[PDB]
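Notes for the one structure printed next.
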Amino acid sequence: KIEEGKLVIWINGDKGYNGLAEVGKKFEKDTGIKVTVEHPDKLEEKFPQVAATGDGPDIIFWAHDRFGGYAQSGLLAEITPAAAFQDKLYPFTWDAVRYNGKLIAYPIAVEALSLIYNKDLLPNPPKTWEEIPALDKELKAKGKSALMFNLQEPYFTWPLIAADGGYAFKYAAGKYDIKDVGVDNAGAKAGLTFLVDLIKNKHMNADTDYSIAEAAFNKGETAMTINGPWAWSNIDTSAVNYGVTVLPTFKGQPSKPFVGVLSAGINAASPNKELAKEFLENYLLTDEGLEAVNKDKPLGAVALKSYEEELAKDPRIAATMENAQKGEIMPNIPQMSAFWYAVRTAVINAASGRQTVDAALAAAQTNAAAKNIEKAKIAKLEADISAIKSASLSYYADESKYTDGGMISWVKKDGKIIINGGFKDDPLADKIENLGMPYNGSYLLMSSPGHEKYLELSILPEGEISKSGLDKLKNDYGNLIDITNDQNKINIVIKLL
């Protein structure tokens, strides 16, 4: 597996691997332990493969959002920074590296979109989204546009969509509710309507993508763009006198970009967890260590307070941190994949006029949340099935058979559950009386007085279950379940034995 007595570190090729290796050299000088910094290809996919088999690097550097997935597969050790060390980093960066209620990585850097503007065309950039239409008219009179940025990817359009109330997944305690998506609320509609209005009023074109926007800003054709630190060096080569500042407000509220946090995780299979902790806390996450990495290739804004104070001398870095603090931590759960595709489709459909804003987002809410909502409903239905089977078994323990009588019916009326026209189980032990009945339908348990094994439960759910949903029931039980009437009133019968 992983060789003890040493540190293998994986970081992406676009980061400062030379500087990190120099921090490694200071570590080997003080301790004798060699540090191998490599930047292999496809590092994001290679780690989950090799780490599951109990191999790989000791420390993996990657954007925090993948780490929640890694943690679910148990590939990451819980880190143990003392309170004194935690206060050296901005509190909001620690929230980006939590899964369950556990710290699962060290925050390194902080990144978010900003407003980039051409100082020659526009020495005072607009504070509000609302004033950009008038600005575009005044600039189109001189052959220039106000604002071009990538409209094809919801990462770039989300700051406006979220400003008045949009969100990806609600965050509560230390967990995301994968059932609560904020794509079709009034705030998200208002933000997307403003975006579409900009396009219908000819202030932007629905076909603008990353390359068109970057080319237009670099050739001084548009006064503003929206982009991240990765784009700065191509504007330097362009020689355009540019600035970087806070994103415009919408309805008086800041734009809310997604925040990406470069993070260092410790492989759960590492026999060098103490060495890795010592390296990350007392060598890398210092002014001297981050300086080493930044001088090789800049980090942007950093989570370490002391060095951020120094990098923030650069107003572009200060703006990145300000937009980040006003933004939304990108959720670190794998359910974001459905979020990205859903919102990407909605924006493209609404911007090109192929759908209304309401239809686009209603569909997107569905595409992002429906599967997870049903999965919860199926699980609660299966909980009821197991609860009914449990009580039926408990009855046999004390009484002759499964049911006392022949049949029992649960039906839900208007917020209450009714049982025949008389109480059945007749107990203080069972009764259950805690069936969610997630599809509000009817349950009917069947038995015939005699030799046992005739335990059949008939469920008549109200509400269409998906193919994926009904097929989950087929893999969970097998030949013991008969879905009849695949249309109208679907009927499900399970033999509880």
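Chains: A, B, ... in order of the structure tokens. Residues: from 1 per chain. Ligands: from 1, in order shown.
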
request  = Determine, counting only C-alpha atoms, which protein, DNA and RNA residues have an atom within 7 Å of an atom of residue 62 in chain A; residues of the same chain fewer than 6 positions away are not included. Present the result as a PyMOL selection string.
outcome  = chain A and resi 11+262-264

Could you give me, as a Markdown table, every range 226-328 of chain A residue with an atom at most 10 Å from range 211-215 of chain A, plus its closest atom pair and distance in Å to one decimal, counting only C-alpha atoms, rows ordered by chain then number?
```
| residue | atom | partner | partner_atom | distance |
| --- | --- | --- | --- | --- |
| A:226 | CA | A:213 | CA | 8.8 |
| A:227 | CA | A:214 | CA | 8.8 |
| A:231 | CA | A:214 | CA | 8.2 |
| A:234 | CA | A:214 | CA | 8.5 |
| A:235 | CA | A:214 | CA | 8.5 |
| A:238 | CA | A:215 | CA | 9.6 |
```

Could I get the residues of range 103-217 of chain A with an atom no further than 9 Å from an atom of range 356-365 of chain A, each paired with its nearest atom pair and that distance in Å to one decimal, using only C-alpha atoms, sorted by chain and residue number, as a tab-separated table?
```
residue	atom	partner	partner_atom	distance
A:181	CA	A:365	CA	6.7
A:182	CA	A:365	CA	7.5
A:183	CA	A:365	CA	5.5
A:184	CA	A:361	CA	5.1
A:185	CA	A:361	CA	8.6
A:188	CA	A:361	CA	8.3
A:189	CA	A:357	CA	6.7
A:192	CA	A:357	CA	6.9
A:193	CA	A:357	CA	6.4
A:196	CA	A:357	CA	8.0
```

Export of the given selection (C-alpha atoms) as a JSON list (two decimals), in the first residue's frame:
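Final output, saved to again35.json:
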```
[["chain", "number", "residue", "atom", "x", "y", "z"],
["A", 181, "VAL", "CA", -33.44, 22.77, -4.28],
["A", 182, "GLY", "CA", -33.93, 26.51, -4.72],
["A", 183, "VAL", "CA", -34.16, 26.80, -8.51],
["A", 184, "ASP", "CA", -37.82, 27.74, -9.07],
["A", 185, "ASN", "CA", -38.47, 30.18, -6.22],
["A", 188, "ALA", "CA", -34.35, 32.66, -8.94],
["A", 189, "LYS", "CA", -37.16, 33.64, -11.33],
["A", 192, "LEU", "CA", -33.25, 34.77, -14.58],
["A", 193, "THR", "CA", -35.95, 37.12, -15.91],
["A", 196, "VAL", "CA", -33.44, 37.05, -20.31]]
```

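All residues of protein, DNA or RNA that reach within 9 Å of residue 368 in chain A, judged by only C-alpha atoms and not counting those fewer than 6 positions away in the chain, are residues 179, 181, 183, 335, 336, 337, 338, 339, 340, 341, 342 and 343 of chain A.
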
message = Which residues are close to residue 41 in chain A, i.e. within 9 Å by only C-alpha atoms, leaving aside same-chain residues fewer than 3 positions away? Reply as JSON, numbers by chain.
response = {"A": [12, 13, 44, 46]}

Any chance you can output those residues with C-alpha atoms as a PDB file, in the first residue's frame?
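Dumped everything to selection01.pdb:
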```
ATOM      1  CA  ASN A  12      -2.940  19.527 -10.056  1.00  0.00           C
ATOM      2  CA  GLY A  13      -0.514  20.539 -12.796  1.00  0.00           C
ATOM      3  CA  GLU A  44      -9.586  13.870  -9.570  1.00  0.00           C
ATOM      4  CA  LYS A  46      -7.255   8.549 -10.100  1.00  0.00           C
TER       5      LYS A  46
END
```

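We find CA of residue 74 in chain A and CA of residue 268 in chain A to be spaced 7.2 Å apart.
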
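Nearest residue to residue 242 in chain A among A:118, A:53, A:100, A:349 is A:118, counting only C-alpha atoms.
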
task = Would you mind listing what lies within 9 Å of range 454-456 of chain A as a VMD selection string, with only C-alpha atoms counted and same-chain residues fewer than 4 positions away left out?
result = chain A and resid 389 392 402 444 to 448 493 to 497

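For range 275-292 of chain A, the non-local neighbours within 6 Å, defined as residues at least 3 positions apart in the same chain or in other chains and counting only C-alpha atoms, are residues 19, 23, 272, 295 and 307 of chain A.
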
File of the preceding selection, N, CA and C atoms, as a PDB file, in the first residue's frame:
```pdb
ATOM      1  N   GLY A  19       6.956  25.223  -6.035  1.00  0.00           N
ATOM      2  CA  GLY A  19       6.941  25.835  -4.715  1.00  0.00           C
ATOM      3  C   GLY A  19       6.569  24.866  -3.611  1.00  0.00           C
ATOM      4  N   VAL A  23       8.643  23.749  -0.089  1.00  0.00           N
ATOM      5  CA  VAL A  23       8.144  23.512   1.264  1.00  0.00           C
ATOM      6  C   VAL A  23       8.486  22.097   1.706  1.00  0.00           C
ATOM      7  N   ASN A 272       0.839   7.814   7.521  1.00  0.00           N
ATOM      8  CA  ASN A 272       1.633   8.995   7.829  1.00  0.00           C
ATOM      9  C   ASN A 272       0.737  10.185   8.154  1.00  0.00           C
ATOM     10  N   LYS A 295       4.580  32.095  -5.285  1.00  0.00           N
ATOM     11  CA  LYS A 295       5.638  32.576  -6.168  1.00  0.00           C
ATOM     12  C   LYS A 295       5.838  31.655  -7.368  1.00  0.00           C
ATOM     13  N   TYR A 307      -1.568  35.555   5.609  1.00  0.00           N
ATOM     14  CA  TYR A 307      -1.033  35.743   4.261  1.00  0.00           C
ATOM     15  C   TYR A 307      -2.053  36.380   3.325  1.00  0.00           C
TER      16      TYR A 307
END
```

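If only C-alpha atoms are the atoms counted, then among A:460, A:330, A:168, A:311 the closest residue to residue 95 in chain A is A:330.
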